[PDB]
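Just one chain follows, in the form deposited in one PDB entry, and it is written as structure tokens.
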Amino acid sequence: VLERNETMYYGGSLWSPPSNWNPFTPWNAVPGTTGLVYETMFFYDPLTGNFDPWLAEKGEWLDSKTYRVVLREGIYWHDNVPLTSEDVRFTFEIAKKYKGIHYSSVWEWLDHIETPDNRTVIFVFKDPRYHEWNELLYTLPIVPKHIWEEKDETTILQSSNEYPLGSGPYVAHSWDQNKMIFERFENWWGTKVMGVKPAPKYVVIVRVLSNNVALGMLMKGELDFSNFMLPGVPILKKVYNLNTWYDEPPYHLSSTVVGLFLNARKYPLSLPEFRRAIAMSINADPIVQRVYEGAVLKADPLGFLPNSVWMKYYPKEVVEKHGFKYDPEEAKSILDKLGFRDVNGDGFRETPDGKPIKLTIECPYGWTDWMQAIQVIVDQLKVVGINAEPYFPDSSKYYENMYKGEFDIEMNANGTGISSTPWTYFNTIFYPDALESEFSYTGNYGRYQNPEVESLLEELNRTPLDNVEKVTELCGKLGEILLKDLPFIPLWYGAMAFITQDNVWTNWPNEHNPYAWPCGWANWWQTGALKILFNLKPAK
């Protein structure tokens, strides 16, 4: 039983029973495990693009192939063991020893690590992949050598890591099927050194069956910090005093690229020209206008987030010449040309060989906005003679399907989140290593194959970010492939849905006090939601 006034209720990113706290398995780890319990070398702030020293006191390129971080002094694990450069060293090297660890690939371009003292980590690279390194700096959680030292690979990969031993502001406290509770670690080093202190003694991650349940909670004042997508925002504000980031439409910040992955290995979705017909048959205007009531922004064909630093590298002419539009008559014309015609007379087009075509289109149950969006896509596909069947599995099955590539059509925003480089977006789309993976956690979920994308991805990755002309050119070349082969169809920019109320906690960020990115998704707490905790004030 938790004291209400000492407790902040968060919801929006827990859609399965909390059952994993393993920093090595971020796809299964309960939201907050990284960020609240395990710490990263840097914070990252999507509002500004700034990296802010967390564990790292500083991080610099000494030269084009050498990166050095100097840790802050006085960092400790929760069990009072000093956190040192060897902890950081270990974090990387355990993956060279055990290649099954998802980030073992870094050693294909990381040559070795030096630690001239216990605060200093020096990375020397065989092949410096800058864009990817930048992201590692704020996404790779640092783990305790003295805890994991003598575990084998199966233990590391398969353990649940209950009551994870970290260095961060919180510990795991308790949980059940419907919530995860974090309790503030009072002797946190972060407070002694950085002078910050997360205001709630307890953070509860609330799991809910569907978005509609969360709204009732908010109206009852039982959620404080909500990332659920909820309708009727003007009314929520006026009638129920629930607040959003912006006072006016679109009300929410934009955080992701929402679109459709297609199974590139299942006929007829294996056909580029069929994928194109699908893209041209979909009109997002009623999704944007009616499902979201103007609370999201519609995507252009390339799908670069308008509020992101990717725009700095926008390949404008490529999009103009190769982008698609909603054009259902041309979609039908393409389908006729390919031989996809109705031969039994039920209004659906068959294969040229005369065989029926039925494609499932799926999203998680309870994501009410995507379920509605999926049905308008279904109705829009029906009208060009394409039989799409909506399917809303449990979130856990939705993600298993995604990783395994066991889907026909799939609504997706997994890895397309805002970032410091358009490389994340293209990697999520094209991720070549998916073709030789049972489980693809990184992207390319529909197993799209292309002989030139891997080289393009790498060339982009090793191009210094300040080389605008070259990064732009490479985004152009990659965008050109995306636009012509459409393995992923961008539709709109997902809202960073963020609704709060002030009955228990106040001083939330918004457009008038825009101090932190409000995202409590797994792996996102170090992008701002932790900083919000630092800044919250109890209500009077």
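Numbering starts at 1 and runs along the sequence shown. In this text, rigid core is short for the largest set of C-alphas that superpose within 1.5 Å between two forms.
Another form, the form deposited in another entry, is not on view; read the next lines as being about it.
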| query | finding |
| --- | --- |
| Rigid core superposition, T139 Cα moves 2 angstroms or more between this form and the one not shown | no |
| C-alpha of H322 off by 2 Å or more between this form and the one not shown on rigid core | yes |
| Note on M311-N510 C-alpha separation in that other deposited form, which departs from the shown form by 3 angstroms or more | closer |
| Outcome for the Cα pair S396, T33 in that other deposited form, compared with this form (closer or farther; change of 3 Å or more) | farther |
